[PDB]
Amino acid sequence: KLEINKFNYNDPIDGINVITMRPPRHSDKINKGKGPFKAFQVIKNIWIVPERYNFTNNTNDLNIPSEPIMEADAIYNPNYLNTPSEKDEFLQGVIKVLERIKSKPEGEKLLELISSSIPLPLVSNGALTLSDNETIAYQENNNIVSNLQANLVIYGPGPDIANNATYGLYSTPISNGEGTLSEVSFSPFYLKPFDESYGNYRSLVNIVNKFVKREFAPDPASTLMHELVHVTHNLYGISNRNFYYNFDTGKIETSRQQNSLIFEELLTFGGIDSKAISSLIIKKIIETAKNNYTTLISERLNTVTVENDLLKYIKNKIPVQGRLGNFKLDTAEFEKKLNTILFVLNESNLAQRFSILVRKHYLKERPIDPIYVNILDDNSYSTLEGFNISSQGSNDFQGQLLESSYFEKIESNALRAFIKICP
């Protein structure tokens, strides 16, 4: 079955699963001189890099901002993740979260999909051939030793140490059916709480109706799975973050409006807000993806004259019929796979399978200060049950209640600078 590789941060370089990686974004001016960074292959084609994400315009400065703060629940600390002990803690936390995801069939299948679903390569001399859209470089002493396959690289957080995000490497392949390598910025220890109505908590006797909005922490496996759903969209080349869904009209628009949400986030979160999408929208999204794939099969796949392992990978990713030089899209099987990746795979549906509580709506009504939690302590967080550990009376979402003892308060200043954890 799918295997998760364990590592300690001080494990030696071997060129197989432990490398020093040149940043995928090394050619951008903002990234001159950065790296290489120690990287660990946790699952085939999935790499963990215990470093702050610092490689795009909006993540390049990790310092406390010098401009109006427009995320009132952010926490800044440019020194987080700069010691070997914090890097090993991060590595262990990501490994443990992935082990949790693998512990249910739906999560195992998601990880298998990301591992196997390589971007569609370019063709050279009749053969599918690898590019930097499908690989990372092992750099040693300013030489490239090898190029290793990669669909996903997971880093630590950007400037806001409690934020999470996904970035596709190349912007044309992210939305034209080819797909692109993805980077994820993830924080397993610094979490942003949310509100949900609940009635099983200590309450004053003079309160008649106890069922009210209470504060909860997310399970960081749900946080990561949300980003992994974005990754799947990026690997199949079916992202488009230029569309907004307007809740007032039920229509897709190409600019943000009063009461709207980026459509990629509406789908990736799922839940109640995706249950009333019109048939017009669904048909247009499916038809766009089908047309993009039909074009790639005729213009690129049918120029392949060399059968190699990359072609094997691609036929497992893309449902096709026919023979070399004359493939056609398998419409029924492509439709089934596409509707799974767009409408079945989402944070809300996955959380239900894991007995994890998530909020009702992607957009939160108010900011709540982040907390710190040591998820490596099995008494607080287990791979099989997360925070909601039955033997400790914390089933049925109760272990996610924010007043649980393992959720530690963080003090910050008015500029949102980290001061300390209150243990």
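Residue numbers run from 1 along the displayed sequence.
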### Query
Mean C-alpha B factor from the entry: is it higher for 299-307 or for 161-169?
299-307
#### Entry: 136-144 set against 220-228, stretch whose average Cα temperature factor tops the other in the entry
136-144
### Task
Just grab whichever of 117, 268, 339, 92 has the top CA B-factor as deposited.
339
### Task
Check the PDB entry and point out which of 364, 52, 26, 38 has the largest C-alpha temperature factor.
364
### Task
Tell me, lowest, middle or highest third: where does the Cα B factor of residue 10 rank within its chain?
middle
## Note on the structure
The third of the chain into which the C-alpha temperature factor of residue 188 falls is the middle
### Modelled-residue ranking by C-alpha temperature factor, third containing residue 316
middle
### Query
Mind checking which third residue 154 falls in for C-alpha B-factor across the chain?
lowest
### Query
Hey, what third does residue 236 fall into on Cα B-factor, ranked over its chain?
lowest
